[PDB]
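A short worksheet on the structure shown next.
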């Protein structure tokens, strides 16, 4: 890789790893369209397995970007419409509070205060129906944004209903395969477990636990190579042959709502570039990212803006990930670590690297 990339990456990541005490980490920088990989530490401390370009990391909430694009693809296929009421795809949701709540609201966390997490006691499909039926919104739809797995999670499950395919089935055939993301999984197969890094929380090795709507909200595992390819695809969707998928990616980057300097897409979140580091770094801190914030509707949605800082942070009990890219500069980065460390530190490092390259 060019010495400039090598230097900025290493001089930025090495200190990060030491300060946050990250066991293992993989980084990919997309420069002028080409990917450059970097790896450090361990995927498995006990077995001394190093992090490689083939190591699988839990993406946590970065999984929402895949869900958003899969949803966008479904829209492009004409199977669903974001303006459709949630009840059109789940007739059993007869509770009056759902009148007025559309798939758009679910996909963008603006349904009226759906909870960040689906309760652990929710296992069965009837438990899930009950959960949504009994939920009482704190606000009218389309007025406030509250980041929630139970929101985009339901969107993902409903978006694939028409296709008749399971969520994982649809994701593999409509997104992973067409983009040649052959080492990205919702459920890691036995054959790939040798590459599945362990996450670490308080020194204990851990893997994400099964949960309702986990696949749709935080269940994707992937390699730094496939993630770099995911970034490349989102940087230049037009180079994608699959028509509906090309459209789907564009739809996930459209700006639907605005809160402060941030715009909400489908999974992806965007800010106008050039951005102000502290405007995104501090904004990343769960304090701001997870808070209840009034939203302004963008009517109609603004098509993907090339001059944007597009990103998504992600975490599970033992992993921390970050993806950010700037279409206009054909620049991007992916940071995967097997320790969930502070979001501000991730964005600060990412900024430091990308700003230096353009």
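Points to keep in mind about this one:
- Of all residues assigned to the range 15-35, at least one qualifies as being touching a helix residue (DSSP H, G or I) at 6+ places or on another chain (Cβ under 7 Å), in a helix (DSSP H, G or I) and buried (at least 19 other Cβ atoms within 10 Å of the Cβ).
- Restricting 350, 324 to residues that are in a strand (DSSP E or B), free of Cβ contacts under 8 Å to residues at least 40 places away in the same chain, touching a strand residue (DSSP E or B) at 6+ places or on another chain (Cβ under 9 Å) and crowded, with 19+ Cβ neighbours inside 10 Å narrows the list to 324.
- Test: residue in the range 319-335 that is over 30 Å from residue 34 (Cβ atoms) and within 20 Å of the chain's Cα centre (by Cα): no
- Every pair of residues 6+ apart whose Cβ atoms lie under 7 Å, when the first sits in the range 174-186 and is in contact (Cβ under 8 Å) with a residue 24 or more places away in the chain and on the phi > 0 side of the Ramachandran plot while the second is surrounded by 19 or more Cβ atoms within 10 Å (Cβ to Cβ) and assigned to a helix (DSSP H, G or I): 180/229
- Helices (runs of 4 or more DSSP H) fully within the range 226-320 that include at least 2 residues being surrounded by 16 or more Cβ atoms within 10 Å (Cβ to Cβ) and touching a helix residue (DSSP H, G or I) at 6+ places or on another chain (Cβ under 6 Å): 243-252, 277-284.
- Among the candidates 113, 153, residue that is in a helix (DSSP H, G or I), surrounded by 19 or more Cβ atoms within 10 Å (Cβ to Cβ) and in contact (Cβ under 8 Å) with a residue 40 or more places away in the chain: 153
- Residue in the range 330-347 that is touching a strand residue (DSSP E or B) at 6+ places or on another chain (Cβ under 9 Å), touching a residue at least 40 places away in the same chain (Cβ under 8 Å) and farther than 22 Å from residue 15 by Cβ present: yes
- Flag for residue 220 being touching a residue at least 12 places away in the same chain (Cβ under 8 Å), under 22 Å from residue 336 (Cα atoms) and surrounded by fewer than 23 Cβ atoms within 10 Å (Cβ to Cβ): no
- Filtered by the rule that a residue be crowded, with 21+ Cβ neighbours inside 10 Å and under 21 Å from residue 5 (Cα atoms), the range 328-342 gives 331, 332, 333, 334, 335, 336, 337.
- Pair list, Cβ < 6 Å and 6+ apart or interchain, from the range 64-83 residues that are free of Cβ contacts under 8 Å to residues at least 40 places away in the same chain and on the phi < 0 side of the Ramachandran plot to residues that are outside any helix (DSSP H, G or I) and surrounded by fewer than 24 Cβ atoms within 10 Å (Cβ to Cβ): 83/102
- Hey, residue 175 touching a helix residue (DSSP H, G or I) at 6+ places or on another chain (Cβ under 6 Å), under 26 Å from residue 225 (Cα atoms) and crowded, with 22+ Cβ neighbours inside 10 Å or not: yes
- Residue 104 crowded, with 21+ Cβ neighbours inside 10 Å, touching a residue at least 60 places away in the same chain (Cβ under 8 Å) and either closer than 25 Å to residue 219 by Cα or in contact with a helix residue (DSSP H, G or I) (Cβ under 9 Å, 6 or more places away or on another chain) (or both): yes
Throughout, read-outs are computed from the coordinates displayed, never taken from laboratory work. Using ideal geometry, Cβ is built from the backbone for each residue, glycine included, and neighbour counts are taken over all protein chains shown.
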